[PDB]
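K.L.:
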Amino acid sequence: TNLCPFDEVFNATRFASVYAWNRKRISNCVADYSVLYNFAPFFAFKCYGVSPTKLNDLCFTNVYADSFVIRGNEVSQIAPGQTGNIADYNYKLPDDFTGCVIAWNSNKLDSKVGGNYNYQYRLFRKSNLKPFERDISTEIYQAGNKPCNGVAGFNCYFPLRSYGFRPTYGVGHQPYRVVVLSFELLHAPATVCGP
Amino acid sequence: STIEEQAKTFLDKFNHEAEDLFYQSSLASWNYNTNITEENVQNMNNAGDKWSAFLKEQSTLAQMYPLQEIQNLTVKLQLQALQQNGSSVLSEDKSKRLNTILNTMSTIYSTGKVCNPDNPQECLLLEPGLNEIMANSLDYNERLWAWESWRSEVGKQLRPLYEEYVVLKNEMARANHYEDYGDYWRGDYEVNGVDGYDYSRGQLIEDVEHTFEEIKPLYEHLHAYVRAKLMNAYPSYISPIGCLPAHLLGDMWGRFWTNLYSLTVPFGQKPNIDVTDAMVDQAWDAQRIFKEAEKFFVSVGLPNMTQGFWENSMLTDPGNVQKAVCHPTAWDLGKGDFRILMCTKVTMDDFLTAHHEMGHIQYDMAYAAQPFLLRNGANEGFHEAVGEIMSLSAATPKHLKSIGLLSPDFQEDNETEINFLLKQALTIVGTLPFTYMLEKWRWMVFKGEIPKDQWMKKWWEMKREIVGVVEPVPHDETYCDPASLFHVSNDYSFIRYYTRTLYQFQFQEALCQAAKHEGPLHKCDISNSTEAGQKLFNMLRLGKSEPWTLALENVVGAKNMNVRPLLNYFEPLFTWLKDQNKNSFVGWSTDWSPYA
Ligand SMILES: *[C@@H]1O[C@H](CO[C@@H]2O[C@@H](C)[C@@H](O)[C@@H](O)[C@@H]2O)[C@@H](O[C@@H]2O[C@H](CO)[C@@H](O)[C@H](O)[C@H]2NC(C)=O)[C@H](O)[C@H]1NC(C)=O
Ligand SMILES: *[C@@H]1O[C@H](CO)[C@@H](O[C@@H]2O[C@H](CO)[C@@H](O)[C@H](O)[C@H]2NC(C)=O)[C@H](O)[C@H]1NC(C)=O
Ligand SMILES: *[C@@H]1O[C@H](CO)[C@@H](O)[C@H](O)[C@H]1NC(C)=O
Ligand SMILES: *[C@@H]1O[C@H](CO)[C@@H](O)[C@H](O)[C@H]1NC(C)=O
Ligand SMILES: *[C@@H]1O[C@H](CO)[C@@H](O)[C@H](O)[C@H]1NC(C)=O
Ligand SMILES: *[C@@H]1O[C@H](CO)[C@@H](O)[C@H](O)[C@H]1NC(C)=O
Ligand SMILES: *[C@@H]1O[C@H](CO)[C@@H](O)[C@H](O)[C@H]1NC(C)=O
Ligand SMILES: [Zn+2]
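Line order of the protein sequences matches chains B and A.
Under the deposited numbering, the first residue of the first sequence carries the number 333, and numbering increases by one thereafter.
Under the deposited numbering, the first residue of the second sequence carries the number 19, and numbering increases by one thereafter.
#1: Please return the same chain residues whose Cβ sits closer than 6 Å to the Cβ of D398(B), not counting the five positions on each side in sequence.
#2: Quick check: is any heavy atom of ligand 6 less than 6 Å from the C-beta of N546(A)?
#3: Can you find the residues in the same chain that come closer than 7 Å, C-beta to C-beta, to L179(A), ignoring five residues on each side of it along the sequence?
#4: Tell me whether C530(A) sits in a helix, a strand or coil according to DSSP, three-state version.
#5: Measuring alpha carbon to alpha carbon, tell me which of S167(A), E171(A), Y215(A) and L79(A) ends up nearest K577(A).
#6: Please list the partners that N487(B) has in chain A, where partner means a Cβ-to-Cβ separation under 7 Å.
#7: So, helix, strand or coil for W349(A), using DSSP?
#8: Between which two residues does the beta strand (DSSP E) containing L492(B) stretch?
#9: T324(A): which of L518(B), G504(B), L387(B) and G526(B) sits nearest, CA to CA?
#10: Taking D339(B) as the reference, give the member of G404(B), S349(B), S366(B) and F429(B) with the closest Cα.
#11: Determine, using beta carbons only, whether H519(B) comes closer than 7 Å to chain A.
#12: Distance cutoff 7 Å, beta carbons only. Does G502(B) sit that close to anything in chain A?
#13: Among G268(A), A193(A), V343(A) and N330(A), which one has its Cα closest to the Cα of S109(A)?
#14: If I follow the unbroken beta strand (DSSP E) through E516(B), where does it start and stop?
#15: Can you say whether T449(A) is buried or exposed, counting buried as having 16 or more other CB atoms within 10 angstroms of its CB?
#16: Is the beta carbon of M480(A) sitting closer than 7 Å to the one on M455(A)?
#17: Regarding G405(A) and ligand 8, is the C-beta to nearest heavy atom distance less than 6 Å?
#18: Starting from the N-terminal end, write out each residue whose C-beta falls within a distance shorter than 6 Å of any non-hydrogen atom of ligand 7.
#19: On the DSSP letters alone, give me the boundaries of the beta strand (DSSP E) that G431(B) sits inside.
#20: With a cut-off of 7 Å, give the chain-ordered residues whose Cβ is closer than this to any heavy atom of ligand 2.
#21: For the stretch 226-246 of chain A against the stretch 490-500 of chain A, do three or more pairs of beta-carbon atoms, one drawn from each stretch, fall closer than 8 Å, so that the two count as touching?
#22: Beta-carbon separation of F274(A) and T78(A) under 7 Å?
#23: Taking the continuous beta strand (DSSP E) assigned at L359(A), which residues delimit it?
#24: Under the assumption that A484(B) contacts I468(B) (Cβ atoms under 8 Å), give the Cβ distance between them as a whole number of angstroms.
#25: Return the residue from the list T20(A), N397(A), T294(A) and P336(A) that minimises the CA-CA distance to residue 13(A).
#26: With 16 other CB atoms within 10 Å as the buried threshold, where does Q522(A) fall?
#27: For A411(B) and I402(B), what's the separation of their Cα atoms in angstroms?
#28: Mind checking whether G399(A) and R219(A) have CB atoms under 7 Å apart?
#29: Does any C-beta atom of chain A lie closer than 7 Å to the C-beta of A475(B)?
#30: Would you kindly work out how many angstroms separate the C-alpha atoms of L518(B) and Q89(A), rounded to a whole number?
#31: Is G496(B) close to chain A, meaning its C-beta is less than 7 Å from at least one C-beta of that chain?
#32: Is any beta-carbon of chain A found at less than 7 Å from that of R454(B)?
#33: Mind checking which residues open and close the beta strand (DSSP E) that includes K356(B)?
#34: Check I402(B) in the structure and name its three-state DSSP category.
#35: Rounded C-beta distance between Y279(A) and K441(A)? I'm assuming under 8 Å.
#36: For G466(A), which residues of its own chain have a beta-carbon under 8 Å away from its beta-carbon, when the five flanking residues on both sides are left out?
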């Protein structure tokens, strides 16, 4: 039997910034969802379109796992039909979403004395973001009428900013790791099935 | 892209760059105030320089979005708070001279030393020393010696500095489209915009005068009582129809009359309520005090304290290992970090100060959601008025019996109530005339009503007319008496104490009405009243986002500063004093002088 690789997704050494979030296509393997119940402190285990109990005996074609690191106050922005800075410029979920959202605290790993400046998030974008879209552009944001011409100054800002994680911040400003599961079923034959 | 959108984007960038820089400055300052090391001071100074540079650079950028173009009443408040120039409007030479003058006044106040006659090997500083002589000594010539010395050496060394300080602080204000430096100070109370809730900078003088015209009877009766009780300690120095000499008020300047309780106690056989020995015999520590305060706050509906509060806060004196600054402070480092620095001791005083500081911290926790530039109190007097009322409810005998620190068979006699009320009045009521006098004098000096050669004359004419205190020896134009006070030599506002005193009793009366308390107002406790906690939280969460006229209405029901609640707090004392002063003279004459 070949178990699905949910181990290397949840328990990775390093994660990715929100604006460039990883995606793994978990396919053609049997998936045991009892492994996910490890890591007992879960700040959120909200599930949409399914129920956690019966998730085993209902099997699909492709499963996508998306991972990134946000702050605590923004965990509520990874529900369908929400509005905010992260949900509009960084990661957007469709209104008809099916799947689960998992978030757990990672203060002891992602916060250092002096600051962890390797996690970044987008602050300025021209228009909103269509569902499941990834933008890694770093062009200068033009907020005025005078062309920027690839520099920064009056009404010409740098789109990406950096978190300042420290081991002394509050619960709302401490790092959190989020993994989002998307279940796709289609007329193409179903492959990923449980026990 | 209109101007408003550009302003919103600029504010969004500023709000992210300011939080980080301010957090690094605040953490450096905390580390300096906990330890003491040459390295920690250097780190503090570097972080402070970085923060000051960031603010200096950003104000120039904000002066490119015209103020009239924006109609949001929230972006305008934040941009206005960035657009102040300060002392940058002046030329470089004048700015350097002003900074030098301020530094010189501070360093001449800080290390002022007076020497007794014909004995150079014995000289005293301000603290300790002269503060102990005028707080515990019953000799007359000993107090007058210190009072004259302090204004002879230190007082006379500041007037030439003070004149140029005034003339230079008027130029900065006039370059900022004000009338004088006095109007600049009155800008903390200005509300422009929202209809009905408007307050002008000139209305504050009228409001203060109207409120002070009502406190005069109670102050007169207190003054007559203290005068009657002071003739028995200095038999042949105080006139029964005159004014109190300025050096017999328990302090160098007469700001507080607390140290007169020994001489003016109504009933000396019955002692006050002290729970210091009860706490020790129950084996209490600092942690117990702070958990009791937290339990008090949760009953009214306010939230708990953060898990970081119990880990990153100092609540005990470290000892000989570390050198710390033992001053009770409440810190809001930003980004969810809340701490308290306090060298807690087992004493009722620390028991009350814990409630006070926790009230500060709760107010800080309330407005964490607002933008950075709107994370302060409604005005300069709301914060510690909110902090103070929590200590009033923690000292009432009803609260102490509930927590068990006081015996359950103790009965409240009506003779200790007068003691408590008089002790409170000697600190709260005896300082309002002094505050009003000093602020009026400073306002008139800046405007130009008092000429340069009639400063001390009008200063001592106002004291014989408002406060009721006369000078012991004559003073002329070579003296600078007001500069002898800390808040005058150092550029500080002073009306905040007056406003706070009037606000706290309004808040207390509103909460006691909401808590369905029947009886005298000074026995009030807002414990176990969830309604009285929602009402306060309806004001604590706003910050500066809304005018202070509206925030007051969310608690008290009125939209202006009022004095009747203060008088309802002192009704029994007022009646007792009216009964006690039936065979004495109430009032004073502005002709008698000790040197006459
Ligand atoms: C605040 O309330 C607590 C809880 O008491 C209960 O709730 C009150 C609203 C009221 O309905 C009480 O009758 C309830 O029992 C009080 O704590 C109790 O105080 C009584 C005093 O008679 C004591 O016998 C109990 O052991 C206490 N229970 C505890 C400590 O868990 C508290 O005294 C109230 N404080 C006030 C009124 O100031
Ligand atoms: C703060 O100072 C700056 C200049 O140091 C002021 O900006 C000037 O305002 C005058 C007023 O008419 C203009 O003529 C100038 O063009 C402005 N710029 C400069 C570089 O001088 C600014 O107004 C001051 N702030 C306030 C609130 O008055
Ligand atoms: C997570 O990875 C670490 C390191 O490989 C391992 O020790 C730990 O057991 C893993 N956790 C789980 C739940 O497998
Ligand atoms: C600050 O105080 C702690 C407590 O003893 C000490 O360990 C530390 O060395 C001090 N800081 C410095 C820079 O010495
Ligand atoms: C002012 O701008 C803020 C933007 O956060 C908006 O929420 C608010 O409604 C605006 N005020 C008015 C009166 O529209
Ligand atoms: C505050 O903390 C105590 C113990 O930590 C807990 O019992 C109580 O429910 C908390 N209050 C709230 C409002 O969560
Ligand atoms: C207190 O109560 C006694 C009891 O009769 C009464 O005589 C007295 O006037 C009251 N007031 C004071 C201040 O003692
Ligand atoms: Zn305080």
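Positions of the beta carbon are idealized from the N, C-alpha and C atoms, including for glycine.
P.N.:
Well, looking at it:
#1: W353, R355 and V512
#2: no
#3: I119, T122 and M123
#4: helix
#5: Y215(A)
#6: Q24
#7: strand
#8: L492 to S494
#9: For the residues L518(B), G504(B), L387(B) and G526(B), the minimum Cα distance to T324(A) belongs to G504(B).
#10: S366(B)
#11: no
#12: yes
#13: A193(A)
#14: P507 to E516
#15: buried
#16: yes
#17: Ligand 8 approaches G405(A) closely enough that one of its heavy atoms is under 6 Å from the residue's Cβ.
#18: Having a Cβ closer than 6 Å to some heavy atom of ligand 7 are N432(A), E433(A), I436(A) and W594(A).
#19: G431 to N437
#20: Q81(A), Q101(A), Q102(A), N103(A), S106(A), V107(A), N194(A) and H195(A)
#21: no
#22: No; because the gap between Cβ atoms is not below 7 Å, this pair is not in contact.
#23: According to the DSSP assignment, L359(A) belongs to the beta strand (DSSP E) that extends over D355 to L359.
#24: 19 Å between Cβ atoms; not a contact.
#25: Any question about residue 13(A) goes unanswered here, given that chain A covers just 19 to 614.
#26: buried
#27: 14 Å
#28: no
#29: yes
#30: One C-alpha to the other measures close to 52 Å.
#31: yes
#32: no
#33: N354 to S359
#34: strand
#35: 6 Å
#36: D198
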